[PDB]
file model.txt (compact mmCIF, N, CA and C atoms)
# COMPACT_ATOMS: atom_id res chain seq x y z
N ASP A 33 79.00 -24.49 66.19
CA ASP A 33 79.93 -24.55 67.35
C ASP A 33 80.92 -23.36 67.32
N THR A 34 81.44 -23.04 66.16
CA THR A 34 82.40 -21.88 66.06
C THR A 34 81.63 -20.57 65.76
N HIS A 35 80.45 -20.42 66.30
CA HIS A 35 79.65 -19.18 66.05
C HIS A 35 79.24 -18.53 67.39
N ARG A 36 78.27 -17.64 67.37
CA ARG A 36 77.83 -16.99 68.65
C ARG A 36 77.40 -18.05 69.68
N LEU A 37 77.63 -17.79 70.95
CA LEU A 37 77.26 -18.79 72.01
C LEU A 37 75.76 -19.11 71.97
N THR A 38 74.91 -18.12 72.12
CA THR A 38 73.42 -18.37 72.08
C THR A 38 72.68 -17.11 71.60
N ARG A 39 72.65 -16.08 72.41
CA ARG A 39 71.94 -14.83 71.99
C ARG A 39 72.64 -13.59 72.56
N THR A 40 73.31 -12.84 71.72
CA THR A 40 74.02 -11.60 72.20
C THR A 40 73.91 -10.49 71.14
N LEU A 41 74.98 -10.19 70.43
CA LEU A 41 74.91 -9.12 69.39
C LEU A 41 75.97 -9.36 68.30
N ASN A 42 75.87 -10.45 67.59
CA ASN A 42 76.87 -10.76 66.52
C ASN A 42 76.20 -10.72 65.14
N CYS A 43 75.43 -9.70 64.85
CA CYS A 43 74.76 -9.61 63.51
C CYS A 43 75.42 -8.57 62.59
N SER A 44 76.58 -8.07 62.95
CA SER A 44 77.26 -7.05 62.08
C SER A 44 77.86 -7.73 60.84
N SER A 45 78.53 -8.84 61.02
CA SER A 45 79.13 -9.57 59.85
C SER A 45 78.02 -10.09 58.91
N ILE A 46 76.83 -10.30 59.42
CA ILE A 46 75.72 -10.79 58.54
C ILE A 46 75.30 -9.67 57.57
N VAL A 47 75.35 -8.43 58.01
CA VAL A 47 75.00 -7.29 57.11
C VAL A 47 76.14 -7.12 56.08
N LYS A 48 77.37 -7.16 56.54
CA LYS A 48 78.53 -7.03 55.60
C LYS A 48 78.48 -8.16 54.56
N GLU A 49 78.03 -9.33 54.95
CA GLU A 49 77.92 -10.46 53.98
C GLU A 49 76.88 -10.11 52.91
N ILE A 50 75.69 -9.72 53.33
CA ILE A 50 74.64 -9.34 52.33
C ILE A 50 75.20 -8.24 51.40
N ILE A 51 75.93 -7.30 51.95
CA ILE A 51 76.53 -6.22 51.11
C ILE A 51 77.45 -6.84 50.05
N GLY A 52 78.23 -7.82 50.45
CA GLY A 52 79.15 -8.50 49.48
C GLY A 52 78.35 -9.48 48.60
N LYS A 53 77.21 -9.94 49.06
CA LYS A 53 76.40 -10.91 48.24
C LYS A 53 75.57 -10.16 47.19
N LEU A 54 75.17 -8.96 47.49
CA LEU A 54 74.38 -8.17 46.49
C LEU A 54 75.27 -7.07 45.88
N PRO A 55 75.60 -7.25 44.62
CA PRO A 55 76.48 -6.29 43.90
C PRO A 55 75.74 -4.97 43.58
N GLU A 56 76.25 -4.19 42.65
CA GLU A 56 75.59 -2.89 42.31
C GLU A 56 75.06 -2.91 40.85
N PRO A 57 73.98 -3.62 40.64
CA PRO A 57 73.37 -3.69 39.28
C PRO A 57 72.65 -2.37 38.93
N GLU A 58 72.44 -2.11 37.67
CA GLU A 58 71.75 -0.84 37.25
C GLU A 58 71.22 -0.95 35.80
N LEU A 59 70.66 -2.08 35.44
CA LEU A 59 70.13 -2.25 34.03
C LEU A 59 69.10 -1.16 33.66
N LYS A 60 68.07 -0.97 34.44
CA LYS A 60 67.04 0.08 34.13
C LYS A 60 65.95 0.08 35.21
N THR A 61 66.29 0.48 36.41
CA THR A 61 65.29 0.49 37.52
C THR A 61 65.33 1.82 38.29
N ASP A 62 64.94 1.80 39.55
CA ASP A 62 64.93 3.05 40.37
C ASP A 62 65.87 2.89 41.59
N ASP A 63 65.51 3.42 42.73
CA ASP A 63 66.38 3.28 43.94
C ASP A 63 65.91 2.08 44.79
N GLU A 64 64.88 2.24 45.57
CA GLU A 64 64.36 1.11 46.40
C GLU A 64 62.94 1.43 46.91
N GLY A 65 62.57 0.97 48.09
CA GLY A 65 61.20 1.26 48.62
C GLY A 65 61.12 2.69 49.17
N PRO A 66 60.35 3.53 48.50
CA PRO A 66 60.19 4.95 48.95
C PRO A 66 59.48 5.02 50.31
N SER A 67 58.28 4.52 50.37
CA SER A 67 57.52 4.50 51.66
C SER A 67 58.18 3.51 52.64
N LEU A 68 58.88 2.53 52.11
CA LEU A 68 59.57 1.51 52.98
C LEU A 68 60.94 2.04 53.46
N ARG A 69 61.36 3.18 52.96
CA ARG A 69 62.69 3.77 53.38
C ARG A 69 62.62 4.41 54.78
N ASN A 70 61.53 4.21 55.50
CA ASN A 70 61.37 4.80 56.88
C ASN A 70 62.69 4.81 57.67
N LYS A 71 62.87 5.80 58.50
CA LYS A 71 64.13 5.89 59.31
C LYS A 71 64.26 4.70 60.28
N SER A 72 63.32 4.53 61.17
CA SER A 72 63.41 3.41 62.16
C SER A 72 62.62 2.16 61.73
N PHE A 73 61.66 2.29 60.85
CA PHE A 73 60.85 1.09 60.45
C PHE A 73 61.36 0.45 59.14
N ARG A 74 62.41 0.96 58.55
CA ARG A 74 62.92 0.37 57.26
C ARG A 74 63.15 -1.15 57.34
N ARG A 75 63.77 -1.64 58.39
CA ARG A 75 64.02 -3.13 58.47
C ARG A 75 62.74 -3.93 58.20
N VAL A 76 61.66 -3.62 58.86
CA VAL A 76 60.38 -4.36 58.61
C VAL A 76 59.90 -4.06 57.18
N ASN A 77 60.04 -2.83 56.75
CA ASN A 77 59.61 -2.46 55.36
C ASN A 77 60.42 -3.24 54.32
N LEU A 78 61.71 -3.35 54.51
CA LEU A 78 62.56 -4.10 53.53
C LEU A 78 62.17 -5.58 53.53
N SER A 79 61.95 -6.13 54.69
CA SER A 79 61.54 -7.58 54.78
C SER A 79 60.25 -7.82 53.98
N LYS A 80 59.30 -6.93 54.09
CA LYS A 80 58.02 -7.09 53.33
C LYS A 80 58.26 -6.82 51.84
N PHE A 81 59.17 -5.94 51.52
CA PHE A 81 59.46 -5.64 50.09
C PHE A 81 60.15 -6.86 49.46
N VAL A 82 61.09 -7.44 50.16
CA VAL A 82 61.81 -8.64 49.61
C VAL A 82 60.81 -9.76 49.32
N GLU A 83 59.89 -10.02 50.22
CA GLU A 83 58.89 -11.11 49.98
C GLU A 83 58.07 -10.82 48.70
N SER A 84 57.66 -9.60 48.50
CA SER A 84 56.86 -9.26 47.26
C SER A 84 57.76 -9.13 46.03
N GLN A 85 58.95 -8.60 46.19
CA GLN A 85 59.86 -8.45 45.01
C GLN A 85 60.21 -9.81 44.40
N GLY A 86 60.23 -10.85 45.20
CA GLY A 86 60.53 -12.22 44.65
C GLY A 86 59.55 -12.60 43.52
N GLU A 87 58.50 -11.83 43.34
CA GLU A 87 57.51 -12.12 42.25
C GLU A 87 57.98 -11.51 40.90
N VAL A 88 58.90 -10.57 40.92
CA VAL A 88 59.39 -9.96 39.63
C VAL A 88 60.40 -10.89 38.94
N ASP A 89 61.23 -11.56 39.71
CA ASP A 89 62.24 -12.48 39.12
C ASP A 89 62.59 -13.58 40.14
N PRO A 90 63.02 -14.72 39.63
CA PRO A 90 63.38 -15.85 40.53
C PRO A 90 64.73 -15.62 41.26
N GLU A 91 65.18 -14.39 41.37
CA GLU A 91 66.46 -14.11 42.09
C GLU A 91 66.23 -14.09 43.61
N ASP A 92 65.00 -14.01 44.06
CA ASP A 92 64.73 -14.02 45.53
C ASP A 92 64.98 -15.43 46.11
N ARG A 93 65.38 -16.35 45.27
CA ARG A 93 65.68 -17.74 45.72
C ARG A 93 66.92 -17.77 46.65
N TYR A 94 67.66 -16.68 46.72
CA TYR A 94 68.89 -16.60 47.59
C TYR A 94 68.59 -16.71 49.11
N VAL A 95 67.46 -17.28 49.50
CA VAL A 95 67.06 -17.43 50.96
C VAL A 95 68.02 -16.76 51.96
N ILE A 96 68.03 -15.45 51.97
CA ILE A 96 68.90 -14.71 52.95
C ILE A 96 68.02 -13.82 53.86
N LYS A 97 66.77 -13.60 53.50
CA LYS A 97 65.87 -12.77 54.36
C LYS A 97 65.92 -13.29 55.81
N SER A 98 66.04 -14.59 55.96
CA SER A 98 66.14 -15.21 57.32
C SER A 98 67.33 -14.59 58.08
N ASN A 99 68.43 -14.38 57.41
CA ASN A 99 69.62 -13.75 58.06
C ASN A 99 69.25 -12.31 58.46
N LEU A 100 68.53 -11.61 57.62
CA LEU A 100 68.09 -10.22 57.96
C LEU A 100 67.16 -10.28 59.18
N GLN A 101 66.30 -11.27 59.22
CA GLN A 101 65.40 -11.43 60.40
C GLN A 101 66.27 -11.63 61.65
N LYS A 102 67.39 -12.31 61.49
CA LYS A 102 68.33 -12.48 62.64
C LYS A 102 68.97 -11.12 62.96
N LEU A 103 69.28 -10.35 61.94
CA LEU A 103 69.86 -8.99 62.17
C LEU A 103 68.90 -8.18 63.05
N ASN A 104 67.63 -8.18 62.71
CA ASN A 104 66.61 -7.46 63.55
C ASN A 104 66.60 -8.08 64.95
N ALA A 105 66.88 -9.36 65.05
CA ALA A 105 66.93 -10.01 66.40
C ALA A 105 68.14 -9.47 67.17
N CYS A 106 69.19 -9.14 66.47
CA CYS A 106 70.42 -8.58 67.11
C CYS A 106 70.28 -7.05 67.27
N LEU A 107 69.73 -6.39 66.29
CA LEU A 107 69.55 -4.90 66.37
C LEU A 107 68.05 -4.57 66.47
N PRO A 108 67.69 -3.85 67.50
CA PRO A 108 66.26 -3.51 67.72
C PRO A 108 65.69 -2.55 66.67
N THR A 109 64.83 -3.07 65.85
CA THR A 109 64.16 -2.24 64.78
C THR A 109 62.82 -2.86 64.34
N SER A 110 62.33 -3.80 65.09
CA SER A 110 61.04 -4.49 64.75
C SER A 110 59.82 -3.59 64.99
N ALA A 111 59.74 -2.49 64.29
CA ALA A 111 58.57 -1.59 64.43
C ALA A 111 57.55 -1.91 63.33
N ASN A 112 56.88 -3.02 63.45
CA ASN A 112 55.88 -3.43 62.41
C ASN A 112 54.61 -2.53 62.40
N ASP A 113 54.76 -1.25 62.62
CA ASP A 113 53.57 -0.34 62.59
C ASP A 113 53.66 0.60 61.37
N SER A 114 54.41 0.19 60.37
CA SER A 114 54.56 1.01 59.13
C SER A 114 54.93 0.10 57.95
N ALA A 115 54.35 -1.07 57.89
CA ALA A 115 54.68 -2.03 56.78
C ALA A 115 53.65 -1.96 55.64
N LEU A 116 53.82 -1.03 54.73
CA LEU A 116 52.87 -0.91 53.58
C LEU A 116 53.62 -1.02 52.24
N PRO A 117 52.88 -1.31 51.19
CA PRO A 117 53.48 -1.44 49.84
C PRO A 117 53.61 -0.06 49.17
N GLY A 118 54.58 0.10 48.30
CA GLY A 118 54.76 1.42 47.61
C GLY A 118 54.96 1.20 46.11
N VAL A 119 56.18 1.06 45.69
CA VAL A 119 56.46 0.84 44.23
C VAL A 119 57.17 -0.51 44.01
N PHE A 120 57.13 -1.01 42.81
CA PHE A 120 57.80 -2.32 42.51
C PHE A 120 58.98 -2.11 41.55
N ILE A 121 60.10 -2.72 41.82
CA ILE A 121 61.29 -2.57 40.92
C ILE A 121 61.36 -3.76 39.95
N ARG A 122 61.87 -3.55 38.77
CA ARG A 122 61.94 -4.67 37.77
C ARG A 122 63.01 -5.71 38.16
N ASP A 123 64.19 -5.29 38.54
CA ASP A 123 65.25 -6.29 38.91
C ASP A 123 65.43 -6.37 40.44
N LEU A 124 65.37 -7.56 40.98
CA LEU A 124 65.55 -7.74 42.46
C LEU A 124 66.87 -7.17 42.91
N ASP A 125 67.89 -7.67 42.30
CA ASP A 125 69.28 -7.28 42.67
C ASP A 125 69.40 -5.76 42.78
N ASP A 126 68.84 -5.03 41.84
CA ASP A 126 68.89 -3.54 41.91
C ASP A 126 68.27 -3.07 43.23
N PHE A 127 67.12 -3.60 43.56
CA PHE A 127 66.47 -3.22 44.86
C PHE A 127 67.34 -3.69 46.04
N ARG A 128 67.88 -4.88 45.96
CA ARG A 128 68.74 -5.39 47.08
C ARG A 128 69.99 -4.52 47.26
N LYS A 129 70.56 -4.04 46.19
CA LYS A 129 71.76 -3.16 46.32
C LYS A 129 71.37 -1.88 47.06
N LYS A 130 70.28 -1.28 46.69
CA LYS A 130 69.85 -0.04 47.40
C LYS A 130 69.35 -0.37 48.81
N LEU A 131 68.64 -1.47 48.96
CA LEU A 131 68.14 -1.85 50.32
C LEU A 131 69.31 -2.21 51.25
N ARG A 132 70.30 -2.90 50.74
CA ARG A 132 71.47 -3.26 51.59
C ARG A 132 72.17 -1.98 52.07
N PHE A 133 72.31 -1.02 51.20
CA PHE A 133 72.96 0.27 51.60
C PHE A 133 72.04 1.06 52.55
N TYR A 134 70.75 1.06 52.30
CA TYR A 134 69.83 1.82 53.20
C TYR A 134 69.65 1.10 54.54
N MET A 135 69.66 -0.21 54.55
CA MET A 135 69.52 -0.94 55.85
C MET A 135 70.76 -0.71 56.72
N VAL A 136 71.91 -0.60 56.11
CA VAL A 136 73.16 -0.35 56.89
C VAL A 136 73.30 1.15 57.18
N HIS A 137 72.76 1.99 56.31
CA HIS A 137 72.83 3.47 56.53
C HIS A 137 71.94 3.89 57.72
N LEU A 138 71.13 2.99 58.25
CA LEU A 138 70.25 3.32 59.42
C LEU A 138 70.97 4.26 60.42
N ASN A 139 72.18 3.93 60.80
CA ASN A 139 72.97 4.79 61.75
C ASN A 139 74.39 4.21 61.91
N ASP A 140 74.55 3.20 62.74
CA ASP A 140 75.91 2.59 62.93
C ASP A 140 75.81 1.25 63.68
N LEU A 141 75.67 1.26 64.99
CA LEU A 141 75.59 -0.03 65.75
C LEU A 141 74.80 0.10 67.08
N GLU A 142 73.90 1.05 67.18
CA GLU A 142 73.11 1.19 68.45
C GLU A 142 71.65 1.58 68.14
N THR A 143 71.35 2.86 68.08
CA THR A 143 69.93 3.29 67.78
C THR A 143 69.84 3.95 66.40
N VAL A 144 68.66 4.01 65.82
CA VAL A 144 68.51 4.65 64.46
C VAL A 144 68.59 6.18 64.60
N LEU A 145 67.68 6.77 65.34
CA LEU A 145 67.70 8.25 65.53
C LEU A 145 67.73 8.62 67.02
N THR A 146 67.99 9.86 67.33
CA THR A 146 68.05 10.31 68.76
C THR A 146 66.64 10.63 69.29
N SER A 147 66.47 10.64 70.59
CA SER A 147 65.11 10.95 71.16
C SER A 147 65.23 11.69 72.51
N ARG A 148 64.12 11.97 73.14
CA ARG A 148 64.15 12.69 74.45
C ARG A 148 63.88 11.72 75.63
N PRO A 149 64.43 12.05 76.78
CA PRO A 149 64.24 11.20 77.98
C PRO A 149 62.84 11.42 78.60
N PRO A 150 62.19 10.33 78.94
CA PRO A 150 60.83 10.40 79.55
C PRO A 150 60.90 10.85 81.03
N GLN A 151 59.77 10.99 81.67
CA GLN A 151 59.75 11.43 83.11
C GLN A 151 59.81 10.22 84.08
N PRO A 152 58.98 9.22 83.85
CA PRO A 152 58.96 8.03 84.74
C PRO A 152 60.09 7.04 84.41
N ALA A 153 59.90 6.23 83.40
CA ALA A 153 60.94 5.21 83.01
C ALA A 153 62.27 5.88 82.60
N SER A 154 63.34 5.11 82.56
CA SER A 154 64.67 5.67 82.17
C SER A 154 64.81 5.73 80.64
N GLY A 155 65.79 5.06 80.06
CA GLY A 155 65.94 5.09 78.56
C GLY A 155 65.10 3.98 77.92
N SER A 156 65.05 3.92 76.62
CA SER A 156 64.25 2.86 75.93
C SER A 156 65.14 2.04 74.98
call {"tool": "encode", "arguments": {"input": "model.txt", "output": "structure tokens"}}
result
Amino acid sequence: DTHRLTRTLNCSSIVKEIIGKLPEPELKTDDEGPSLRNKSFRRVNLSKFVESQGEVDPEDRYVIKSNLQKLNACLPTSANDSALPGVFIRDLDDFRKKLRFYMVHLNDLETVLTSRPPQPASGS
């Protein structure tokens, strides 16, 4: 009742929450998904990485991917045409810290990258 009315654009606080929920661990791992770091397709790539990373440690039990799926519902980035596997990290949290920063580093609050105007249709 004290949340968004139905469907608009209130997924910014959900990203800030994940940022505060995933700290900055660094026991002995790497950065995050290299091939999944795509500029505009990263959101789908991170979602697929989180599902497979839950196999390295039981830390994926934090059922928050659903909130990220809502973020994609609020911010347009569902480009499921680049969802492939790359490397695996030993600690989930380490990957989540880098993924949380890369998912928010996409741009700011509108589009990921700039593009050119078409001839027939207007903007996209």
call {"tool": "atom_distance", "arguments": {"input": "model.txt", "atom1": "atom C of residue 110 of chain A", "atom2": "atom N of residue 81 of chain A"}}
result
13.7 Å
call {"tool": "atom_distance", "arguments": {"input": "model.txt", "atom1": "atom CA of residue 43 of chain A", "atom2": "atom CA of residue 102 of chain A"}}
result
7.1 Å
call {"tool": "axis_aligned_box", "arguments": {"input": "model.txt", "around": "segment 124-136 of chain A", "padding_each_side": "4 Å", "output": "AutoDock Vina command-line options"}}
result
--center_x 69.3 --center_y -3.0 --center_z 49.1 --size_x 15.9 --size_y 17.6 --size_z 24.2
call {"tool": "residues_around", "arguments": {"input": "model.txt", "residues": "residue 63 of chain A", "least_positions_apart": "5", "cutoff": "8 Å", "atoms": "all atoms listed in the file", "output": "ChimeraX atom specification"}}
result
/A:121,126-131
call {"tool": "write_last_selection", "arguments": {"input": "model.txt", "atoms": "N, CA and C atoms", "output": "mmCIF file, in the frame of the given file"}}
result
data_model
loop_
_atom_site.group_PDB
_atom_site.id
_atom_site.type_symbol
_atom_site.label_atom_id
_atom_site.label_comp_id
_atom_site.auth_asym_id
_atom_site.auth_seq_id
_atom_site.Cartn_x
_atom_site.Cartn_y
_atom_site.Cartn_z
ATOM 1 N N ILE A 121 60.100 -2.720 41.820
ATOM 2 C CA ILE A 121 61.290 -2.570 40.920
ATOM 3 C C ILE A 121 61.360 -3.760 39.950
ATOM 4 N N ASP A 126 68.840 -5.030 41.840
ATOM 5 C CA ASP A 126 68.890 -3.540 41.910
ATOM 6 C C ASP A 126 68.270 -3.070 43.230
ATOM 7 N N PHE A 127 67.120 -3.600 43.560
ATOM 8 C CA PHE A 127 66.470 -3.220 44.860
ATOM 9 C C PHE A 127 67.340 -3.690 46.040
ATOM 10 N N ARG A 128 67.880 -4.880 45.960
ATOM 11 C CA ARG A 128 68.740 -5.390 47.080
ATOM 12 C C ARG A 128 69.990 -4.520 47.260
ATOM 13 N N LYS A 129 70.560 -4.040 46.190
ATOM 14 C CA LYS A 129 71.760 -3.160 46.320
ATOM 15 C C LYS A 129 71.370 -1.880 47.060
ATOM 16 N N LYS A 130 70.280 -1.280 46.690
ATOM 17 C CA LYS A 130 69.850 -0.040 47.400
ATOM 18 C C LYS A 130 69.350 -0.370 48.810
ATOM 19 N N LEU A 131 68.640 -1.470 48.960
ATOM 20 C CA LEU A 131 68.140 -1.850 50.320
ATOM 21 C C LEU A 131 69.310 -2.210 51.250
#
call {"tool": "atom_distance", "arguments": {"input": "model.txt", "atom1": "atom C of residue 117 of chain A", "atom2": "atom N of residue 66 of chain A"}}
result
7.7 Å
call {"tool": "closest_residue", "arguments": {"input": "model.txt", "among": "A:51, A:88, A:95, A:136", "to": "residue 124 of chain A", "atoms": "all atoms listed in the file"}}
result
A:88
call {"tool": "closest_residue", "arguments": {"input": "model.txt", "among": "A:146, A:79, A:45, A:38", "to": "residue 101 of chain A", "atoms": "only C-alpha atoms"}}
result
A:79
call {"tool": "closest_residue", "arguments": {"input": "model.txt", "among": "A:77, A:139, A:49, A:44", "to": "residue 65 of chain A", "atoms": "only C-alpha atoms"}}
result
A:77
call {"tool": "residues_near_point", "arguments": {"input": "model.txt", "point": "(69.1, 1.1, 57.0)", "cutoff": "8 Å", "atoms": "only N, CA and C atoms", "output": "ChimeraX atom specification"}}
result
/A:69-72,74-75,131-139
call {"tool": "closest_residue", "arguments": {"input": "model.txt", "among": "A:148, A:106, A:54, A:114", "to": "residue 41 of chain A", "atoms": "all atoms listed in the file"}}
result
A:106
call {"tool": "select_by_dssp", "arguments": {"input": "model.txt", "residues": "segment 40-151 of chain A", "states": "alpha helix (DSSP H)", "output": "PyMOL selection string"}}
result
chain A and resi 44-53+74-85+97-106+124-137
call {"tool": "closest_residue", "arguments": {"input": "model.txt", "among": "A:118, A:155, A:55, A:108", "to": "residue 142 of chain A", "atoms": "all atoms listed in the file"}}
result
A:108
call {"tool": "closest_residue", "arguments": {"input": "model.txt", "among": "A:73, A:125, A:83, A:150", "to": "residue 112 of chain A", "atoms": "all atoms listed in the file"}}
result
A:73
call {"tool": "build_atoms", "arguments": {"input": "model.txt", "residues": "segment 119-137 of chain A", "atoms": "N, CA, C and O atoms", "output": "tab-separated table (two decimals), keeping the file's coordinate frame"}}
result
chain	number	residue	atom	x	y	z
A	119	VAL	N	56.18	1.06	45.69
A	119	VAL	CA	56.46	0.84	44.23
A	119	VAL	C	57.17	-0.51	44.01
A	119	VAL	O	57.75	-1.07	44.92
A	120	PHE	N	57.13	-1.01	42.81
A	120	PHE	CA	57.80	-2.32	42.51
A	120	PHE	C	58.98	-2.11	41.55
A	120	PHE	O	58.87	-1.40	40.56
A	121	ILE	N	60.10	-2.72	41.82
A	121	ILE	CA	61.29	-2.57	40.92
A	121	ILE	C	61.36	-3.76	39.95
A	121	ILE	O	60.94	-4.86	40.27
A	122	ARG	N	61.87	-3.55	38.77
A	122	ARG	CA	61.94	-4.67	37.77
A	122	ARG	C	63.01	-5.71	38.16
A	122	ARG	O	62.76	-6.90	38.10
A	123	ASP	N	64.19	-5.29	38.54
A	123	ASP	CA	65.25	-6.29	38.91
A	123	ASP	C	65.43	-6.37	40.44
A	123	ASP	O	65.63	-5.37	41.12
A	124	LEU	N	65.37	-7.56	40.98
A	124	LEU	CA	65.55	-7.74	42.46
A	124	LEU	C	66.87	-7.17	42.91
A	124	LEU	O	66.97	-6.37	43.82
A	125	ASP	N	67.89	-7.67	42.30
A	125	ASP	CA	69.28	-7.28	42.67
A	125	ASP	C	69.40	-5.76	42.78
A	125	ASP	O	69.97	-5.24	43.73
A	126	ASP	N	68.84	-5.03	41.84
A	126	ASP	CA	68.89	-3.54	41.91
A	126	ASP	C	68.27	-3.07	43.23
A	126	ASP	O	68.84	-2.26	43.94
A	127	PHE	N	67.12	-3.60	43.56
A	127	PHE	CA	66.47	-3.22	44.86
A	127	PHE	C	67.34	-3.69	46.04
A	127	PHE	O	67.52	-2.98	47.01
A	128	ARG	N	67.88	-4.88	45.96
A	128	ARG	CA	68.74	-5.39	47.08
A	128	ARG	C	69.99	-4.52	47.26
A	128	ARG	O	70.42	-4.26	48.37
A	129	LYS	N	70.56	-4.04	46.19
A	129	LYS	CA	71.76	-3.16	46.32
A	129	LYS	C	71.37	-1.88	47.06
A	129	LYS	O	72.06	-1.45	47.97
A	130	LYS	N	70.28	-1.28	46.69
A	130	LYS	CA	69.85	-0.04	47.40
A	130	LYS	C	69.35	-0.37	48.81
A	130	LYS	O	69.62	0.34	49.76
A	131	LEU	N	68.64	-1.47	48.96
A	131	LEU	CA	68.14	-1.85	50.32
A	131	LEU	C	69.31	-2.21	51.25
A	131	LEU	O	69.33	-1.85	52.41
A	132	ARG	N	70.30	-2.90	50.74
A	132	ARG	CA	71.47	-3.26	51.59
A	132	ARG	C	72.17	-1.98	52.07
A	132	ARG	O	72.54	-1.85	53.22
A	133	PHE	N	72.31	-1.02	51.20
A	133	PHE	CA	72.96	0.27	51.60
A	133	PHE	C	72.04	1.06	52.55
A	133	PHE	O	72.50	1.66	53.50
A	134	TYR	N	70.75	1.06	52.30
A	134	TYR	CA	69.83	1.82	53.20
A	134	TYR	C	69.65	1.10	54.54
A	134	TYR	O	69.53	1.73	55.57
A	135	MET	N	69.66	-0.21	54.55
A	135	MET	CA	69.52	-0.94	55.85
A	135	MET	C	70.76	-0.71	56.72
A	135	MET	O	70.67	-0.62	57.94
A	136	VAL	N	71.91	-0.60	56.11
A	136	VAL	CA	73.16	-0.35	56.89
A	136	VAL	C	73.30	1.15	57.18
A	136	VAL	O	73.85	1.56	58.18
A	137	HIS	N	72.76	1.99	56.31
A	137	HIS	CA	72.83	3.47	56.53
A	137	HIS	C	71.94	3.89	57.72
A	137	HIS	O	72.01	5.02	58.17
